[PDB]
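Only one structure is covered here, and it is reproduced in the block below.
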Amino acid sequence: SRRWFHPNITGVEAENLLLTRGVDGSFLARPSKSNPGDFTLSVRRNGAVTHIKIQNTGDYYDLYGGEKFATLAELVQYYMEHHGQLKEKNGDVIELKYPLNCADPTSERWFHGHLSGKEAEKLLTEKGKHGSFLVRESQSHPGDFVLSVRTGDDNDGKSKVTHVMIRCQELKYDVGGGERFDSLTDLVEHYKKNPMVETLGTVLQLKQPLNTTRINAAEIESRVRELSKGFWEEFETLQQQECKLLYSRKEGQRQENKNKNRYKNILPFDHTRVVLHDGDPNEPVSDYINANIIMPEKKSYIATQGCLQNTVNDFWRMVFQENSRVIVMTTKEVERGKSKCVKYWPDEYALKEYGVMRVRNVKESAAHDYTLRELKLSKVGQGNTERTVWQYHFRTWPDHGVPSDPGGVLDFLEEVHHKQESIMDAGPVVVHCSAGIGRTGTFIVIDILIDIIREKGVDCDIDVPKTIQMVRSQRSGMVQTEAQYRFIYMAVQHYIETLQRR
Ligand SMILES: c1ccc(-c2c[nH]c3cccnc23)cc1
């Protein structure tokens, strides 16, 4: 499903692959070898290869002569279902027809590379469960692989670990007979669908990879130390899982809602979008905002885009309807001379009407990294609906990449948390940047992780990529870059240290 991404290939290897194994319309994507956030889409057209740059500074994937996207899987799905839409600098059309599959197993959750049968047995015994499995290098037979599978009752002998040898002959893979596969992923997927049955009848069911990302929070420093010499590899394994999250976005794709999206292809999932009720009867579609509910799976969030001039009223309808009392803004209104969010709040001491809502800015307070605006929101014609909405406007995030130190963000998020916790029956905390996925996702995931450690103290289990995957199932592309991914680990580490210091 995401086999067109080749994590460890060079430009010339990509060219030769497309020229010898592909046809016109063949394509693949790959990282830049030294440049994080740069990717290349390599495509074959008229017997030649073209390389198309995709940049991601933290907000979205920006395809040259194409559009902006929330994930590379969403980018490929869009253009595979939309020909004539990707053009060269000269205007000529670049068709993405045939993904060119990668055989490299390194971003599979189940692939552990160098590892002994004894090490894999203890890992499967301590962490594993029925159907927990891994693939590793053989050591006895160089170039071969072993599949190790735990099967049993959930140390009393009711469970066991089997080792199935996997031969590699002609760069095809087999388990001793039957089909020979072009890759270990194809072998795993096959024996996931069609499990091996032993002679005495044990079914070697490959239910889940062994979890290697879950850590005890107290031991965060050791995991970060280990990832710092990696973070790229762990991030790319997470990114491989995004092909499971192509959920429908049909409401955002409606003609009627086109001009309510900051970026035409960055859309909320139908199953978690905020639906706005009590709309204008004369506006035929008034139930739409580019926003999703994010539930940790007590505090929930709405992840949304920066307002457009035509969505400011809808934004306030959302805040009112959802009973939100805290907004987190993670962008300046303008960065690099581009508008990222329209000003949707009044100047200090001023009162403005936004459709049927009225907002007073009571007071602003400037801190180093942020401005707090104390806002009063009510429905026009109904005085007893007034509530305070506290807008925390983070002002010092760099235009590209992440802050060099997480202290400013953590102090900000602590103040947000206490504000939210002090307000009886407050609704979800609204979080927004520009597209509402990169910074927004980073702030939300840090908030969710810190909240676990707040309830359960320094001795609790956290699992960063599992948390991100769960949030990504609720809005597209939450947490955009490897730099945000590392920043998340650094923020949790700093949080833990300040608590051990105390
Ligand atoms: C859910 C849980 C874990 C992961 C995961 C991200 N990087 C990984 C490296 C090795 C194994 N698993 C992972 C992704 C989704």
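Numbering (the UniProt record's numbering), first residue to last: 3 to 156, 161 to 235, 246 to 313, 324 to 528.
Idealized CB from N, CA, C, for every residue including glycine.
Nearest to residue i (by Cα), restricted to the options the options
i, options, result
"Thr42", "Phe7, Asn222, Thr22, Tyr521", "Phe7"
"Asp162", "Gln175, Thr127, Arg186, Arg138", "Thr127"
"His419", "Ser150, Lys364, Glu359, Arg413", "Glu359"
"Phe247", "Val455, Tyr327, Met516", "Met516"
"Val490", "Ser448, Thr411, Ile221", "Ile221"
"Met344", "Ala329, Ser234, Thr357", "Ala329"
"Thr12", "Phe341, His53, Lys389, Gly381", "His53"
"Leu401", "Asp180, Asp487, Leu377", "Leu377"
"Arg111", "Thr253, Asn298, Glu15", "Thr253"
"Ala223", "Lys325, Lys482, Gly453, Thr493", "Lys482"
"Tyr511", "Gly464, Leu210, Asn308, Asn281", "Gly464"
"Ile494", "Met450, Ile310, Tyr380", "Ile310"
"residue 237", "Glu123, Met202, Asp395", "This structure gives no coordinates for residue 237. The numbering of the chain moves from 235 immediately to 246."
"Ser34", "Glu508, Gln331, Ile514", "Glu508"
"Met355", "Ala72, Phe346, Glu348, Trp371", "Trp371"
"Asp40", "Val25, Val51, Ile56", "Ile56"
"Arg386", "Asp373, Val301, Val456", "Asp373"
"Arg270", "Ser302, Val456, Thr288, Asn10", "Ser302"
"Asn103", "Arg152, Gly154, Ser165, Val25", "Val25"
"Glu123", "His143, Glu139, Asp485, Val151", "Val151"
"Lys389", "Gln417, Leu206, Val368, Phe513", "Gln417"
"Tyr279", "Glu185, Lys213, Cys333, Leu117", "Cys333"
"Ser430", "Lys445, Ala393, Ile514", "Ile514"
"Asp451", "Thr414, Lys492, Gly68", "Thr414"
"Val428", "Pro454, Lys178, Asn410, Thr357", "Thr357"
"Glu379", "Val181, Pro300, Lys405, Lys364", "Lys405"
Residues bridged to residue i [DSSP beta-bridge criterion]
i, result
"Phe285", "According to DSSP, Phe285 bridges with nothing at all."
"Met355", "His419, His458"
"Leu88", "According to DSSP, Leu88 bridges with nothing at all."
"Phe147", "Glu139, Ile172"
"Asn308", "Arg289, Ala329"
"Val51", "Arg46"
"residue 531", "Examination of residue 531 is not possible in this model, given that the chain is present from 3 through 528 alone."
"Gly467", "Per DSSP, none; premise fails for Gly467."
"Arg152", "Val167"
"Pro101", "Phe29"
"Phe71", "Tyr63"
"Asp340", "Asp340 pairs with nothing; no bridge assigned."
"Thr414", "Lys402"
"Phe113", "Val137"
Coil, strand or helix - residue i by DSSP
i, result
"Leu136", "strand"
"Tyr62", "coil"
"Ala31", "strand"
"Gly409", "strand"
"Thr42", "strand"
"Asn10", "coil"
"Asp473", "helix"
"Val360", "strand"
"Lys166", "strand"
"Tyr279", "coil"
"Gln57", "strand"
"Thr127", "helix"
"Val95", "strand"
"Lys274", "helix"
"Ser302", "coil"
"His426", "coil"
"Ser228", "helix"
"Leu334", "coil"
Residue i at chain B interface by Cβ criterion, 8 Å
i, result
"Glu227", "In summary, chain B is missing from the structure at hand, where a single protein chain is found."
query: Does the stretch 289-299 touch the stretch 458-478, meaning 3 or more C-beta pairs lie closer than 8 Å?
result: Per the Cβ contact rule, the stretch 458-478 is not in contact with the stretch 289-299 (fewer than 3 Cβ pairs under 8 Å).
message: Would you call the stretch 427-446 in contact with the stretch 332-347, where contact means no fewer than 3 C-beta pairs closer than 8 Å?
response: No, because fewer than three Cβ pairs between the stretch 427-446 and the stretch 332-347 fall closer than 8 Å, the two stretches do not touch.
message: Using 8 Å as the cut-off, can you tell me whether the stretch 91-111 makes contact with the stretch 31-50, which would need three or more C-beta pairs spanning the two stretches below that distance?
response: Three or more pairs of CB atoms, one per stretch, sit closer than 8 Å, so the stretch 91-111 contacts the stretch 31-50.
query: Using 8 Å as the threshold, is the stretch 499-506 in touch with the stretch 56-75, meaning 3 or more CB pairs across them?
result: Yes: the two stretches touch, three or more of their Cβ pairs being nearer than 8 Å.
message: Runs of 3 residues minimum, wholly inside the stretch 365-405: which ones carry the beta strand (DSSP E) assignment?
response: Residue ranges of uninterrupted beta strand (DSSP E) with 3 or more members, entirely inside the stretch 365-405 and ordered along the chain, are 377-380, 383-392, 396-405.
message: For the structure I just gave you, are there three or more beta carbon pairs, one from the stretch 509-524 and one from the stretch 76-84, closer than 8 Å?
response: The answer is no - the stretch 76-84 does not touch the stretch 509-524, with fewer than three Cβ pairs under 8 Å.
Contact the stretch 132-146 vs the stretch 202-221: 3+ CB pairs below 8 Å: yes
message: Between the stretch 25-38 and the stretch 115-130, can you find at least three pairs of beta-carbon atoms closer than 8 Å?
response: No, because fewer than three Cβ pairs between the stretch 115-130 and the stretch 25-38 fall closer than 8 Å, the two stretches do not touch.
query: Mind pulling the beta strand (DSSP E) runs of 3 or more residues that sit fully within the stretch 168-224?
result: 178-180
- prompt: In chain order, which alpha helix (DSSP H) runs of at least 4 residues are fully inside the stretch 428-457?
  reply: 433-447
query: Is it a yes or a no for the stretch 185-196 touching the stretch 261-269, going by three-plus beta-carbon pairs under 8 Å?
result: no
message: Three Cβ pairs or more, each shorter than 8 Å: is that satisfied between the stretch 277-287 and the stretch 451-463?
response: yes
message: Quick check for students: name the residue ranges of the alpha helix (DSSP H) that lie wholly in the stretch 472-507, counting only runs of 4 or more.
response: For the stretch 472-507, whole alpha helix (DSSP H) runs of length 4 or above, ordered along the chain, are 490-498.
field: Meets three-Cβ-pair contact criterion under 8 Å: the stretch 168-187 and the stretch 144-154
entry: yes
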